[PDB]
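Take a look at the structure set out below.
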Amino acid sequence: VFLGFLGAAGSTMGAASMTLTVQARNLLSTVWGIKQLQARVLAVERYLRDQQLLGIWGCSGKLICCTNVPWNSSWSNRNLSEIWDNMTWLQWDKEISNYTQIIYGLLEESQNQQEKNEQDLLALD
Amino acid sequence: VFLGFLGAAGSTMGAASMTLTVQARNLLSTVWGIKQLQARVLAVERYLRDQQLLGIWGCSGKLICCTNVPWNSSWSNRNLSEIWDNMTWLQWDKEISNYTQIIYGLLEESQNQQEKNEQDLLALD
Amino acid sequence: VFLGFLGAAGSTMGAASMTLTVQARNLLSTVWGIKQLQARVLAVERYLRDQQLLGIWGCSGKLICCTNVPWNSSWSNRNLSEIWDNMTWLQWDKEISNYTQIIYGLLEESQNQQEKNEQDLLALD
Amino acid sequence: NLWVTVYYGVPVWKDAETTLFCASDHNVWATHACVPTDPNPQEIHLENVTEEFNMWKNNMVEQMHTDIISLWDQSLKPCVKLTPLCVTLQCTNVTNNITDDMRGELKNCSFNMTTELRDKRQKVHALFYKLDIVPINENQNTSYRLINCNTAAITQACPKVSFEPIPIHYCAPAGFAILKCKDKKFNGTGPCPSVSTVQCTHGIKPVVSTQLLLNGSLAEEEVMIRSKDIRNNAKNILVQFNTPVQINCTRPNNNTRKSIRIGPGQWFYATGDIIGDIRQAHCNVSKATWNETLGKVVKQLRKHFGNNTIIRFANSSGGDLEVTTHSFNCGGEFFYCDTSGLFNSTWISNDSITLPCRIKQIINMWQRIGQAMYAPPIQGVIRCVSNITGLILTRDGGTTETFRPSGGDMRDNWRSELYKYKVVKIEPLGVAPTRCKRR
Amino acid sequence: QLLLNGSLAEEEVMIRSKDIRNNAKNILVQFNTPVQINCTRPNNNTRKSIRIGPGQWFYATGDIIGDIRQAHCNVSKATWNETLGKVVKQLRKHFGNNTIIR
Amino acid sequence: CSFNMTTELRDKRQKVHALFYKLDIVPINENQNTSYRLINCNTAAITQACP
Amino acid sequence: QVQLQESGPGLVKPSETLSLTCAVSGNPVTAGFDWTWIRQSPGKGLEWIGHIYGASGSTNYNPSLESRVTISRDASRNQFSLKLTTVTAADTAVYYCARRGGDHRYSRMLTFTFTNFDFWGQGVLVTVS
Amino acid sequence: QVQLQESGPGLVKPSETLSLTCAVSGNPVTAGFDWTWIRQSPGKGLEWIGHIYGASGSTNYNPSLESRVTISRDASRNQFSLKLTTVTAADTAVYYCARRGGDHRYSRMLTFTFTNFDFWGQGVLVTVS
Amino acid sequence: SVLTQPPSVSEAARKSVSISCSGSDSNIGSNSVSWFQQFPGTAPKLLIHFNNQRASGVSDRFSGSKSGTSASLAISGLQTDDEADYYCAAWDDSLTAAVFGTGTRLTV
Ligand SMILES: *[C@@H]1O[C@H](CO)[C@@H](O[C@@H]2O[C@H](CO)[C@@H](O[C@@H]3O[C@H](CO)[C@@H](O)[C@H](O[C@H]4O[C@H](CO)[C@@H](O)[C@H](O)[C@@H]4O)[C@@H]3O)[C@H](O)[C@H]2NC(C)=O)[C@H](O)[C@H]1NC(C)=O
Ligand SMILES: *[C@@H]1O[C@H](CO)[C@@H](O[C@@H]2O[C@H](CO)[C@@H](O)[C@H](O)[C@H]2NC(C)=O)[C@H](O)[C@H]1NC(C)=O
Ligand SMILES: *[C@@H]1O[C@H](CO)[C@@H](O)[C@H](O)[C@H]1NC(C)=O
Ligand SMILES: *[C@@H]1O[C@H](CO)[C@@H](O)[C@H](O)[C@H]1NC(C)=O
Ligand SMILES: *[C@@H]1O[C@H](CO)[C@@H](O)[C@H](O)[C@H]1NC(C)=O
Ligand SMILES: *[C@@H]1O[C@H](CO)[C@@H](O)[C@H](O)[C@H]1NC(C)=O
Ligand SMILES: *[C@@H]1O[C@H](CO)[C@@H](O)[C@H](O)[C@H]1NC(C)=O
Ligand SMILES: *[C@@H]1O[C@H](CO)[C@@H](O)[C@H](O)[C@H]1NC(C)=O
Ligand SMILES: *[C@@H]1O[C@H](CO)[C@@H](O)[C@H](O)[C@H]1NC(C)=O
Ligand SMILES: *[C@@H]1O[C@H](CO)[C@@H](O)[C@H](O)[C@H]1NC(C)=O
Ligand SMILES: *[C@@H]1O[C@H](CO)[C@@H](O)[C@H](O)[C@H]1NC(C)=O
Ligand SMILES: *[C@@H]1O[C@H](CO)[C@@H](O)[C@H](O)[C@H]1NC(C)=O
Ligand SMILES: *[C@@H]1O[C@H](CO)[C@@H](O)[C@H](O)[C@H]1NC(C)=O
Ligand SMILES: *[C@@H]1O[C@H](CO)[C@@H](O)[C@H](O)[C@H]1NC(C)=O
Ligand SMILES: *[C@@H]1O[C@H](CO)[C@@H](O)[C@H](O)[C@H]1NC(C)=O
Ligand SMILES: *[C@@H]1O[C@H](CO)[C@@H](O)[C@H](O)[C@H]1NC(C)=O
Ligand SMILES: *[C@@H]1O[C@H](CO)[C@@H](O)[C@H](O)[C@H]1NC(C)=O
Ligand SMILES: *[C@@H]1O[C@H](CO)[C@@H](O)[C@H](O)[C@H]1NC(C)=O
Ligand SMILES: *[C@@H]1O[C@H](CO)[C@@H](O)[C@H](O)[C@H]1NC(C)=O
Ligand SMILES: *[C@@H]1O[C@H](CO)[C@@H](O)[C@H](O)[C@H]1NC(C)=O
Ligand SMILES: *[C@@H]1O[C@H](CO)[C@@H](O)[C@H](O)[C@H]1NC(C)=O
Ligand SMILES: *[C@@H]1O[C@H](CO)[C@@H](O)[C@H](O)[C@H]1NC(C)=O
Ligand SMILES: *[C@@H]1O[C@H](CO)[C@@H](O)[C@H](O)[C@H]1NC(C)=O
Ligand SMILES: *[C@@H]1O[C@H](CO)[C@@H](O)[C@H](O)[C@H]1NC(C)=O
Ligand SMILES: *[C@@H]1O[C@H](CO)[C@@H](O)[C@H](O)[C@H]1NC(C)=O
Ligand SMILES: *[C@@H]1O[C@H](CO)[C@@H](O)[C@H](O)[C@H]1NC(C)=O
Ligand SMILES: *[C@@H]1O[C@H](CO)[C@@H](O)[C@H](O)[C@H]1NC(C)=O
Ligand SMILES: *[C@@H]1O[C@H](CO)[C@@H](O)[C@H](O)[C@H]1NC(C)=O
């Protein structure tokens, strides 16, 4: 599955959003028989932790997932052309690295929990 | 992520249902390099087995999931105030421990399988 | 959970599609402490790779999942009675084994990616 | 019209080779390392499933071979090493009353052995079998050495660790399954119309023997003849009996055990002496039962080699003790029995048998280089009653056919138990056309 | 001292160091052409096997057949001098165009 | 170098000779009495590489 | 008792492979005996080439010849053979097949080191030219 | 050939750290030589303090001093130095720097144990007061 | 390796002759010695094995022994039909190969 892996790394965020399955397929798989086994276990744990997050936001089973959390201009003020047409994901990740623990909290600690309780309350009616 | 973990254990089931992500985030991660590795593998397997169930019922990617399986008064006869407002999850788990292999069967062996075949038959029309 | 496992292997594909949870539950769980641990890790990795595919197609959390990929008569020309009423899954798997890397590509590399972008574009309106 | 639909949990599998784990219900085989078995194991008949089996291309046998060798090595690693025994021995004739059958079989060897103190030596004497003792020169000056001293280090087996085979169950890891062939007439290869899936195999005792298969499974209906190629004389023929032949083996000598301290907590267990007279070890089989068993074997061999063929049974051609005898572990003692009295007949289409046995204390299983095991003496009189459940035969090769016992390899004793099991990998993800379209 | 059977520089001899002005660091010089070195042990040596224990063999020199000559390595004089000329040009790029490289 | 080497039997010794390089041999004393030791014997155990 | 008979080319050219087959009458090649090849250069003494153990297929070769010698058996013909590669002038010799034998009364640990070549054939004179 | 020269404070107070630097002219401090420090108390014999191996940076110290002694080298100055902590009255001595040397014809396994201090400086008299 | 033997021996008929064999501690001093009788034009005949075991078909005139790293073949009562090349052999444990001697030509 090492075909096209990270090929879009230098591409803009828009162009690089059409290759998400290429990278996704490359995330998941005697002292020599222990250290490499630990690496395999670590890879599994890392995969599942990201899957656990995606699930905590209602983004389970999705590579592109939208929510009800507004974008705060204090995180980034760039336009949509300066993000998806004139910037790469590496540059964006560097720009937004100070806010990823805030956004994730809003994804988990505000939305989805409210959405799940609201769905629970709409289903009783 | 060990912040608030089990803090709601002594809280009522209702109050303790708003902290599901707190416990969920704490479930997933030379003889000394083997035994602890086995523990890590075991933790992964336990996580996936619960995820496998949640998926077998159509509750995948959800922390709160509703179904079409009626509650049987033979399992519990308590009201909704005596469960969600005046009881904890530890007390409930002790009360319902004799029925969890029946309910799960109804979740897997009756509903969802029927739901999936019904969806399969509605999609052909 | 080794109850009914592969019991439908000799049954027709239709009859054998009602036992998917029986096999699904049996897929997931000092040199002697390493080799068997590797087997456990391998089983987890194999499980997750199939789960990763099911997710790449929008079939996450489902045992029966329908898509928008048409069936090509060049893959098989048999009718629906000659597949679901007069054939087993072992015979079908042997018949279709030369096309599984084409169909999967259509499931990943054509549909779902288009579906996800279309959903992304319908949600902005 | 039709759309691709995916089914996960599909009862489909492919042939696969994986690592199976062991289960079991002070033993050379680590039955405490294996996981406890299920008190009520499940077997699910796979109705209308036909599966092609091949006992000669079966990774379960190679795995069992590797695991048995590993377990034996693991048992010997913490046991007393007999490094100080490679000294010149002064061996004379045993002074007890020795039957002519054993004249010269035992020698009374004196030697200078180490002690718990490195500046002190002790004079030790012990009885040794001729098979374990090699002359140093031609001159009969009593100077002898142990057979292993030129080529291998020798380690003493722990006297508290049993050599008794305990049934081992092989279990598939999750995502894999073991298929069992239930066809009573299945000859080890080809289609099997009656197949079931099991959690684990039956309990297979790790019995190691040559020529005769002991304490194995019996054929459900008829004596079975199995070979990789019945016309290729380089292959062994495994004969599975449908009735056991009882073999009564004994070591009639009432042996003692002499404990010599050779270092700090390192004890060497020597024969010491023999109480009473000295008689030859032997095995008895019923003459009539054996002859009936061979009659059945020749009928089944004629089914392959011709109805009017003269089936001759001849003895092991020769070379050395191990290849020419029926070897086995009886009560901790290693017997090497002369089976030429069993395979000495001509069958033309138209009381008891006593097998002399030799005993050896220096054991080299699986013909290893650089290592050997010393089997401590077992006190008293050894008696074993075993079931002969099959034969390992080779065809003479080069009107008549002649068969001889063969030692084969150890992937013949276990192969005769694992012949009905296959390991497959589950392929739960399938694609099929349906009329179901995604919204 | 000398790097053997490694990779060659694609274009020019490369001078690499953690800190080119810190004399406690090593300088790795990567050649763009190999210099062939022919090494030999001209003595026709025997091997004497001595058993020192049960299956434990010690392998001794034993003796030498013929005369005894010194082991040595040869390099081409011109190729080596050309290689060092390239090395000093690349070193001068770091230490000065008018520096005497010894 | 000549030396008394062990044999397959612990009660027997053999006289062995071998050539050694000067680099592997360290004098025991100044007196040129032919007594030498291997360079490693004071500080390390020596293991033979498998041929 | 046991009759051995060599058969094969009497002349091989330089750099070719010499293949000699020894037929065994009266004793299976699957027997636990060391089936050996020995050669004698003209005017010289006997040189052992190697053996194959009939009951296992394990082989042993003369260390000076090992890289150029393959020994095998064929139970369906009751034959064993020597395949000597890259023959040179030094390989001219009378080649004999033999049975190392052993003693069935002794352990393999001892009979492995026996040189009791009880049965010999007549030999094939092979000239490398 | 090789010129060593000690330089540092001639007086250190109790409980302070004594730092002496030896400049090396004519021989790199990155050479595989043991650069040593040796001291001689007034009226007493020579006492070895320790060394640093120039080609690796590995050091060895007198076990009675080791917990209070650091030896290092600086290739950019071609100097090596002694850092002696918690000085007391017993530390008054003439401190010398030396090159252990060795023999390039012998293996390190042997030249490690040489005491052939071929080159010496003149020494610094250090009074603890 | 090779086992050293006299290049030839000569003795009168009806007298005894002894053909020596000299090896090393890796063969004669470890393993047993066998002896063969080779006549010109044919394959060698085994005479003695396991140091002093006489092969079937061999007369009582032939006997032998092994001591240390040396071995010998004693031929008593020499007949004129005993003129032959006699060879010794031993298994060499350092080579893991059988080694034959140089061969001794006996004439009567
Ligand atoms: C084929 O199967 C048969 C039956 O299972 C088997 O024969 C049995 O062998 C075992 C072990 O050799 C015998 O058990 C022994 O019996 C003697 C009788 O005196 C006891 O003294 C033994 O106890 C000693 O050894 C123990 C080892 O753990 C010690 O713990 C104990 O303290 C004593 O030191 C032991 O109980 C059993 O009696 C026989 N049964 C029969 C009917 O002969 C046979 O060996 C198997 N064949 C093969 C090839 O495996
Ligand atoms: C084996 O040999 C030993 C001697 O090496 C025998 O032990 C001797 O037996 C006689 C019997 O009268 C005693 O008088 C001696 O004092 C014993 N000596 C020792 C050292 O034990 C032993 O009996 C022999 N065993 C056999 C079976 O022949
Ligand atoms: C690299 O940038 C150029 C424009 O400078 C663009 O045309 C090209 O597509 C980019 N590469 C990738 C992989 O997107
Ligand atoms: C955006 O972030 C700032 C802090 O930088 C915060 O004060 C503000 O409230 C945030 N916006 C919203 C809508 O919460
Ligand atoms: C966003 O768009 C405006 C309008 O064209 C442009 O001036 C600006 O540079 C863009 N990016 C930024 C910095 O907001
Ligand atoms: C992130 O925060 C650090 C301070 O912790 C600051 O130095 C850095 O510039 C910030 N980056 C961005 C993109 O704001
Ligand atoms: C414990 O019980 C008291 C009432 O007795 C309640 O007010 C309090 O919130 C409970 N603690 C938690 C963590 O819910
Ligand atoms: C509730 O459980 C009882 C058994 O305790 C059973 O008889 C009854 O049918 C169950 N209710 C329903 C609706 O199935
Ligand atoms: C349920 O509600 C009723 C009505 O208030 C009350 O009497 C009862 O105690 C509650 N719990 C039980 C035991 O059903
Ligand atoms: C569960 O069943 C056990 C008997 O197996 C019984 O003793 C226990 O009281 C039951 N618990 C409940 C809450 O019904
Ligand atoms: C096997 O085939 C028969 C018809 O030949 C059918 O009735 C039976 O149900 C099949 N078995 C299974 C398990 O479906
Ligand atoms: C079906 O497969 C054939 C190749 O076998 C291909 O040419 C054809 O276009 C496929 N059908 C569709 C609808 O793409
Ligand atoms: C499909 O149905 C037709 C109509 O009954 C039948 O003739 C045919 O055999 C079936 N299967 C195939 C081969 O298409
Ligand atoms: C699959 O392709 C192979 C050639 O690679 C061919 O031999 C085989 O018959 C094909 N199977 C089917 C069902 O088309
Ligand atoms: C030992 O017994 C053997 C039996 O063959 C005999 O030949 C030999 O002379 C005896 N040696 C003695 C007297 O110990
Ligand atoms: C034991 O050693 C002594 C010499 O120390 C020797 O005379 C005696 O014969 C040896 N005994 C044996 C049995 O080898
Ligand atoms: C075993 O049965 C297969 C057919 O399944 C046959 O081809 C083979 O010759 C048989 N072999 C023996 C030895 O019976
Ligand atoms: C075997 O049979 C013989 C017959 O003479 C008898 O003496 C002996 O005791 C028997 N031994 C066994 C093992 O039954
Ligand atoms: C074996 O011994 C038993 C008694 O323990 C006896 O009944 C049986 O007949 C014997 N079998 C043979 C073959 O001697
Ligand atoms: C075995 O039985 C056959 C007849 O089936 C008979 O001819 C033969 O002599 C018997 N052999 C013995 C040893 O009883
Ligand atoms: C087979 O029997 C013969 C006597 O008939 C015997 O000479 C030979 O040694 C035996 N073979 C074995 C078991 O070595
Ligand atoms: C083999 O049988 C013959 C008679 O057919 C008999 O004379 C001979 O002694 C038997 N051999 C053995 C070892 O029982
Ligand atoms: C061996 O002989 C001793 C003599 O003291 C006796 O007590 C014991 O019972 C005998 N053992 C056997 C198994 O014959
Ligand atoms: C031998 O087989 C019989 C068959 O009835 C069985 O009862 C007995 O337990 C078996 N004995 C052994 C030693 O396995
Ligand atoms: C090296 O060159 C010298 C020049 O005299 C020559 O004698 C020698 O054989 C050469 N050795 C190698 C390794 O080429
Ligand atoms: C090394 O040897 C080869 C011949 O094998 C020769 O062509 C080459 O010039 C030699 N190189 C040197 C530097 O001596
Ligand atoms: C190397 O080349 C330089 C000129 O580039 C020359 O001056 C020098 O003498 C040469 N050295 C040798 C050893 O050829
Ligand atoms: C070997 O040991 C003897 C004394 O046992 C001694 O005289 C001789 O010199 C030693 N030889 C060597 C080479 O050390």
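All values below were derived from every heavy atom in this structure, side-chain atoms included, with hydrogens, water molecules and symmetry-related copies excluded. Letters A, B, ... are given to chains in the order of the sequence lines, protein chains preceding strands, and every chain is numbered from 1.
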If you count heavy-atom pairs within less than 4.5 Å of chain G, which of D:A234, D:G398, D:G318 leads? D:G318
Check each atom of D:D396 against the heavy atoms of chain G and say whether the ones under 4.5 Å are side chain, backbone, both or neither. both
Compute both the distance and the angle, then confirm whether G:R73 meets the cation-pi test with G:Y53: under 6.0 Å from the six-membered ring centre, within 45 degrees of the axis. no
Segment of D:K235 engaging chain G (4.5 angstrom heavy-atom cut-off): neither
Is D:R312 paired with D:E401 through a side-chain N to carboxylate O contact shorter than 4.0 Å? no
Which bit of D:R404 is near chain G, if near means a heavy-atom gap under 4.5 Å: side chain, backbone, both or neither? side chain
Indicate whether the side chain of D:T271 and that of D:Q361 have a donor and an acceptor atom separated by less than 3.5 Å. yes
Assess the pair G:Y61 and G:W48: is the distance between their ring centroids shorter than 6.0 Å? no
Against chain D, label G:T111 side chain, backbone, both or neither, depending on which of its atoms sit under 4.5 Å from a heavy atom there. side chain
Contact part of G:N27 toward chain D, heavy-atom cut-off under 4.5 Å: side chain, backbone, both or neither? side chain
With a 2.5 Å cut-off on the SG atoms, do D:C249 and D:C357 make it? no
Chain D shares the most heavy-atom pairs under 4.5 Å, among G:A55, G:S56, G:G32, G:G102, with G:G32
Within the 6.0 Å centroid threshold, strictly below: D:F305 and D:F403: yes
What part of D:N150 gets within 4.5 angstrom of chain G, counting heavy atoms only: side chain, backbone, both, or neither? neither
Between G:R99 and G:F33, is NZ or CZ placed under 6.0 angstrom from the six-membered ring centre and within 45° of the ring axis? yes
Side chain from CB out, backbone as N, CA, C, O: work out which of these in G:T30 comes under 4.5 Å of a heavy atom of chain D, or both, or neither. side chain
Given G:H104, G:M109, G:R100, the one with more heavy-atom pairs under 4.5 angstrom with chain D than any other is G:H104
Quick one: are the D:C283 and D:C337 sulfurs under 2.5 Å apart? no
So which residue, G:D34, G:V29, G:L110, ends up with the most heavy-atom pairs under 4.5 Å with chain D? G:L110
Contact origin within G:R108 toward chain D - heavy atom pairs under 4.5 Å: both
Among the options G:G54, G:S107, G:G101, pick out the one with the most heavy-atom pairs lying under 4.5 Å from chain D. G:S107
Residues D:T339 and D:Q211: side-chain donor-acceptor under 3.5 angstrom: yes
